[PDB]
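The data below hold one chain only, encoded as structure tokens and taken in the form deposited in one PDB entry.
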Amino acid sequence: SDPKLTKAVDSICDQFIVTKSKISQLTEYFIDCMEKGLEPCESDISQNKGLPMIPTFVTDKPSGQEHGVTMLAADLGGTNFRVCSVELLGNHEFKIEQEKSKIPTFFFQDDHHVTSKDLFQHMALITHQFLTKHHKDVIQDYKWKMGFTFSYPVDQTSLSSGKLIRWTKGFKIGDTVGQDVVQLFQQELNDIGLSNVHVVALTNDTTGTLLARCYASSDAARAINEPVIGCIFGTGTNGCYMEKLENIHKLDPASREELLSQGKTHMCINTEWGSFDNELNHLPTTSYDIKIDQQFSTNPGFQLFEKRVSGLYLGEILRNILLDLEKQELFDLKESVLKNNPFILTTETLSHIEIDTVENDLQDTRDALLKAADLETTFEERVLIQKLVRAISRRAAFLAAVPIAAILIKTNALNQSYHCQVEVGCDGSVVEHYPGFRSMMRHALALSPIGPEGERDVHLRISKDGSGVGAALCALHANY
């Protein structure tokens, strides 16, 4: 046992603590950033470093009674692409067939130049494969309507149009920025004989999650828990909510009055809260966060909240900590492959360490670290690595509660009726599968200004239904 190392680890773990006062600060600051983000854009939307707060042009929360013929949906996430067909049967029920495939590594590597046509041709081809397998008899005949879930910031101009503001996560395809992604996708669909497939809706994965929960929640369950947020804690992190039209001052005033006259009162806002406090005025920041933001990430200066929370980055934080402890001659990295191998340690690796037990000599930690980077470890080394992992994930979970607390506070969502609660629909591998992440989120909600009595009125529900149902709901509404 090396006491000098144990004290160094304990001091690093302390850096990741987020106090109740910090949660209070970040909550009020987040609301401030929400209000500034709702004001008319000063600079160019692609270079604006504030909270994006992007109007989605979705104003109606599904009732659950929507019904229609089979819709198509395509969902480009941070890690996978999936095509599915959704049949909305009404009465909160649907039939879904889907195919999920990992985004080929070719699209995340910059060694060779990659273009938008490569990506959307690949997406179009998989769409063809899907229709061949599940709808072989009507692939080329039917007038398919498709909803496109695009989990990236888009300068939305209507339900069916919007230009990519900037890539996030692992994408760095240059020529896509500033282009309408619905058109890029439609062109590649046309060129392989699927011109009968009309992409008629474009949604963020947050928007789709909220719409899907509004539909599938039973009349009884929804009368108790009204869905008010659709958010994501997977490869990246983000969330949406319903904002009063009058407060969306960046929206064209005449368009606002038109919507208000039509009976609409709110529009869904894609906060893009991964880019909360990109200037680091208040977010906790360690030396490891700086190296991830400035050297190892594809988007330096953006998505900084996300770089402390989402699954793409938690494992890389551990890597930067271990490299620092080895530079100080406190931790022996052996013949591992950690050096010069960014993102080799994944959040999935960490998920095997979070609740590993010392009664098993932390063997899951031993096996997981050997599999990821061939890092052999002693028991005392694993004990200390577990302390670090638990500090990284707790900070991620505590920060994860801040945007939710802020939205609920700003919209006075908890001021309801007797026995009335709100649902926060959550999707993504971290919130769903990382041991304890949700529990720690709820702790941070209880420390937040909404208090423990507020946390009990909030239900973080895993919406594994998917944003495909949400995209399908938008396609049902739209015209072919």
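Between two forms, the rigid core is the largest collection of C-alphas that superpose within 1.5 Å. Shifts are known only where both forms have a C-alpha. One-based numbering along the sequence shown.
Keep in mind that the form deposited in another entry is not shown, yet the notes after this line are about it.
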Only one of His67, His419, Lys49, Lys36 shifts its Cα by 2 Å or more between the shown form and the other one once the rigid core is superposed, namely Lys49
Output row for the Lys49-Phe171 CA distance, |change| of 3 angstroms or more in the other entry, reads farther
Cα of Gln47 vs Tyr29, shift of 3 Å or more in the other entry, relative to this form: the pair sits closer
On a rigid core fit between the shown form and the other one, runs of three or more residues in which every CA shifts by 2 Å or more occupy 42-50
